[PDB]
Ligand SMILES: CC(=O)SCCNC(=O)CCNC(=O)[C@H](O)C(C)(C)COP(=O)(O)OP(=O)(O)OC[C@H]1O[C@@H](n2cnc3c(N)ncnc32)[C@H](O)[C@@H]1OP(=O)(O)O
Ligand SMILES: CC(C)(COP(=O)(O)OP(=O)(O)OC[C@H]1O[C@@H](n2cnc3c(N)ncnc32)[C@H](O)[C@@H]1OP(=O)(O)O)[C@@H](O)C(=O)NCCC(=O)NCCS
Ligand SMILES: CN[C@@H]1[C@@H](O)[C@@H](O[C@@H]2[C@@H](O)[C@H](O[C@H]3OC(CN)=CC[C@H]3N)[C@@H](NC(C)=O)C[C@H]2N)OC[C@]1(C)O
């Protein structure tokens, strides 16, 4: 039931991303569907879909530390009514399986500190916030 | 002046990243020069050089939220003897200038929490760790 999205799946992915943003009261730009179609077709990136009820969006970017890329799980979402039944675990498992085909050297994920359920999920599935004895922070500037 | 690194500059970039790692007692991979030569040749990353004494390494990756990329400042370093004189400020200004040429929608930087002096620098130059009243964290798994 997890599969790799094709270009023609961009509409379902965009709908799920819209739902994710709506759940968190964050507005979305126009054009999500068109942009996902281009990303899936041409870029060093992929989307995994669990039926039409969850997705994972992964980007691959270069690193001097590895022959392969660094992977980033830029979005992971399971629809609220389908949570706590193993869908997110299955998506994350498949993320690790797919990035291994690309010999990715590392997976990175940005998470809000307040999102303790997501944090617990990631910690229980092998991700850490600690490097060289310190927490790792994300700083941004929107442009 | 600050310049965009060419493939011919891979050795200098590799030297600076090795120096950075050595200073912080972090592992140094084999093959840095050859990997930077390949990375610099491609279209989704660049390095800025301040003479031979500082550098910024930036990657670009797709996002459904913008027509342009999300930019990541994966490494920023000024040699110890040249710090506190405005070099890092100049490098970061040029990062913003060059990613604006790419119409990048956002700059992201991962920073260790213990690096309070670096965090002060990023905050003074328009970066934020806060989204909707929460700090943002980075989780990783090395593979
Ligand atoms: C990358 C980003 O976007 S950053 C943050 C990620 N996204 C979000 O936070 C958005 C909102 N949240 C979600 O979409 C979901 O909560 C996710 C994606 C984090 C997790 O998805 P779920 O489908 O709930 O995950 P899953 O069910 O596999 O595991 C969650 C819990 O269910 C329980 N569980 C797991 N598998 C099963 C199962 N097969 N049967 C019964 N219960 C189960 C466990 O108690 C687990 O808890 P843990 O965190 O202590 O391990
Ligand atoms: C962080 C760094 C890139 C900033 O470059 P810089 O040329 O010193 O920056 P500028 O001169 O434009 O601005 C000065 C600020 O740099 C920071 N800074 C200076 N030396 C620093 C050092 N060893 N370590 C960390 N931050 C430092 C301080 O915030 C300083 O501000 P202050 O006058 O209030 O103390 C540079 O200091 C450096 O390479 N430090 C060690 C490696 C590092 O921390 N990289 C950042 C990755 S998170
Ligand atoms: C293992 N995973 C790693 C992953 O966490 C991440 O590390 C970032 C990296 O960008 C960088 O590191 C340097 O700064 C310092 C200061 N302590 C030590 C080592 C330096 N190379 C820092 N940011 C900036 C913008 O310079 C924070 C650091 N946490 O990138 C590399 C990675 C190997 O992939």
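Residue numbers (the entry's author numbering), protein chains in the order written: chain B, 6 to 148; chain A, 6 to 148.
Backbone N, C-alpha and C define an ideal beta-carbon position, used for all residues, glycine too.
What number of angstroms, rounded off, separates the C-alpha of residue 135/A from the C-alpha of residue 114/A?
-> Mapped onto the second chain, residue 135/A falls at position 130. Mapped onto the second chain, residue 114/A falls at position 109. For residue 135/A and residue 114/A, the gap between their C-alpha atoms comes out near 13 angstroms.
Tell me, to the nearest whole angstrom, how far the beta carbon of residue 109/B is from that of residue 76/B; I am working on the premise that it is less than 8 angstroms.
-> Walking along the first chain from the start, residue 109/B turns up at place 104. Walking along the first chain from the start, residue 76/B turns up at place 71. Going by Cβ atoms, the distance from residue 109/B to residue 76/B rounds to 4 angstroms, so yes, they are a contact pair.
Neighbourhood of residue 41/B by C-beta distance below 6 angstroms, restricted to the same chain and skipping five residues each side | As a position in the first chain, residue 41/B is number 36, starting the count at 1. These residues qualify, in order along the chain: 15, 18 and 19.
Nearest-angstrom Cα separation, counted from residue 55/B out to residue 92/B | Your numbering for residue 92/B matches position 87 in the first chain. Your numbering for residue 55/B matches position 50 in the first chain. Distance between the alpha carbons of residue 92/B and residue 55/B is about 7 angstroms.
Decide yes or no for the touch test of the region 30-44 of chain A against the region 68-75 of chain A: beta carbon pairs closer than 8 angstroms, at least 3 of them.
-> Here the region 30-44 of chain A does not lie against the region 68-75 of chain A, with fewer than 3 beta-carbon pairs under 8 angstroms apart.
Contact list for the region 109-123 of chain B against chain A, Cβ threshold 7 angstroms = Here the close residues are 109, 110, 111, 112, 113, 114, 115, 116, 117, 118 and 119.
Within the present structure, is the beta-carbon of residue 205/A separated from the nearest heavy atom of ligand 3 by less than 7 angstroms?
-> Since the first and last residues shown for chain A are 6 and 148, residue 205/A lies out of range.
Examine ligand 1 and report whether any of its heavy atoms sits within less than 7 angstroms of the Cβ of residue 91/B.
-> Locating residue 91/B in the first chain gives position 86, counting from the first residue. Distance from the C-beta of residue 91/B to the nearest heavy atom of ligand 1 is below 7 angstroms.
Based on Cα-Cα distance, which residue from 12/B, 13/B, 80/B and 63/B lies nearest to residue 25/B?
-> Residue 25/B sits at position 20 when you count from the first residue of the first chain. Of the listed residues, the one whose Cα sits closest to residue 25/B is 80/B.
Do residue 132/B and ligand 3 come close, with the Cβ less than 7 angstroms from some heavy atom?
-> Walking along the first chain from the start, residue 132/B turns up at place 127. Incorrect: residue 132/B has no Cβ contact closer than 7 angstroms to ligand 3.
According to DSSP, is residue 59/B helix, strand or coil?
-> For the purposes of this step, residue 59/B is identified with residue 54 of the first chain, where counting begins at 1. In the structure shown, residue 59/B sits in a strand (DSSP, three-state: E or B).
Closer than 8 angstroms, CB to CB, is residue 134/A near chain B or not?
-> Start at 1 with the first residue of the second chain, and residue 134/A comes out as number 129. The C-beta of residue 134/A comes closer than 8 angstroms to at least one C-beta of chain B.
7 angstroms CB neighbourhood of residue 23/A in its chain, flanking five on each side removed = Taking the first residue of the second chain as 1, we reach residue 23/A at position 18. Counting only residues of its own chain and dropping the five nearest sequence neighbours on each side, residue 23/A has a CB closer than 7 angstroms to the CB of 33 and 37.
For residue 134/B, does the three-state DSSP call read helix, strand or coil?
-> Position 129 of the first chain, counted from the first residue, corresponds to residue 134/B. Three-state result, residue 134/B: coil.
Under 8 angstroms Cβ to Cβ from residue 8/A, same chain only, skipping five residues before and after it: list those, please.
-> The count along the second chain starts at 1 and reaches residue 8/A at position 3. Excluding residues within five positions, the ones whose Cβ falls inside 8 angstroms are 53 and 54.
For residue 118/A and residue 143/A, the rounded distance between their alpha carbons = The residue you call residue 143/A lines up with position 138 of the second chain. The residue you call residue 118/A lines up with position 113 of the second chain. Taking the straight line from one Cα to the other gives about 11 angstroms.
Delimiting residues of the alpha helix (DSSP H) encompassing residue 26/A | For the purposes of this step, residue 26/A is taken as the residue at position 21 of the second chain. Where residue 26/A is concerned, the enclosing alpha helix (DSSP H) stretches over 15-29.
Got a sec: is the Cβ-Cβ distance from residue 44/A to anything in chain B below 8 angstroms?
-> In the second chain, the residue the question calls residue 44/A occupies position 39. Chain B contact via Cβ: present.
What in chain B is Cβ-close to residue 16/A, meaning under 8 angstroms?
-> Here residue 16/A refers to the residue found at position 11 of the second chain. The premise fails here: residue 16/A is roughly 13 angstroms from chain B at the closest Cβ pair, so nothing lies under 8 angstroms.
What are the boundary residues of the alpha helix (DSSP H) that residue 127/B is part of?
-> Taking the first residue of the first chain as position 1, residue 127/B is located at position 122. Here the alpha helix (DSSP H) through residue 127/B covers 121-129.
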